[PDB]
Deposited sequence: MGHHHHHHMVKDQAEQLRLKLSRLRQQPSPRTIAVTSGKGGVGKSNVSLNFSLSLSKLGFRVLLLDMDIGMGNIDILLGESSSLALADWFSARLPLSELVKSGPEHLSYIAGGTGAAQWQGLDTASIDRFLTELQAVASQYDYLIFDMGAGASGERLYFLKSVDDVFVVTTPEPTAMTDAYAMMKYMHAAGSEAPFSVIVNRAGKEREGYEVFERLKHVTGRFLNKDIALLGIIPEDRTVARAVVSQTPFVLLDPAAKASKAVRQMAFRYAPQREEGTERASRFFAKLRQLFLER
């Protein structure tokens, strides 16, 4: 059995992506779906910190101390499952053909028990990230209305597209401030991807500037949980609501193309 697979990504940092990943994941879980969030980024502790959970086991431990993957699944609120990160580029580069198979086989065994497998990707398309971005069923790219964030979102989509990713691109405009600013960015992005890449892109949703988000992060309770009525919380809940009604093959093939 295979879960639907989503890669959440951005062009460069400073866009609030990981926070958006966790909150979106929780929302989907709140609908009733079995969700597994994998932190594929370089930063140690994020999901756990965001959940008030103490750091312990992480994906990085599968590399260094050869722990099984299944051993690394943790429980979140709302029956969300996750695996924490802290894996570096040097870890992906050193992989054996035998070790990649071990990874994909362990991952497939774990993931078979979930409806959605969500990858919280590190920024950009470099190295192994490209393989994941070209294997998943959906790619969510997170951006802000800030004109430097938008330029990086375009470069990012052009990259993924030029590199042969056939997944649908959906945009999340975070920190809008709105109301129509959220739309103006999207529509602008949409015109230029359509014209120059001949790639059609969807708008997953707009998350308004909201004080609840900073309160949520500093007090380590995810915003949707903390304040389901906040403007940001309603927004993210709507994204999950609107979104919900052969991954390992492509991924294997791409990893072994050398």
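Unmodelled regions of the deposited sequence, numbered from residue 1: 1-27, 273-282.
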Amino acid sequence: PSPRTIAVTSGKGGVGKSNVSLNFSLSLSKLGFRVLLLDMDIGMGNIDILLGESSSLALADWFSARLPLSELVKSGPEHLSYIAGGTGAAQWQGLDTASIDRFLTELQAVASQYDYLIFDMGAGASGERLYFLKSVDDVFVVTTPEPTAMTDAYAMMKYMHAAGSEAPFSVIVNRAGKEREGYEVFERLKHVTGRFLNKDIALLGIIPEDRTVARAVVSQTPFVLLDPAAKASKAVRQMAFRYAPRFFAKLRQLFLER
From here on, numbers count along this sequence of modelled residues.
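Taking the mean C-alpha B-factor of each stretch as recorded, 12-20 and 236-244 are not equal, and the higher mean is that of 236-244. Stretch comparison (73-81 versus 175-183) by mean CA B-factor in the PDB entry places 175-183 on top. Between the residues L31, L67, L36, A216, it is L67 that shows the highest Cα B-factor in the PDB record.
Across the options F140, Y154, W92, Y114, the residue with the most elevated CA B-factor in the record is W92. When the CA B factors of the chain's modelled residues are split into thirds, the value for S56 lands in the middle one. In this PDB entry, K134 carries a Cα temperature factor that places it within the middle third of its chain's modelled residues. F63: CA B factor in the highest third of modelled residues in this chain (values from the PDB entry). Sorting the modelled residues of the chain by their CA temperature factor places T144 in the middle third.
Ranked by Cα temperature factor within the chain, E166 sits in the highest third according to the deposited record.
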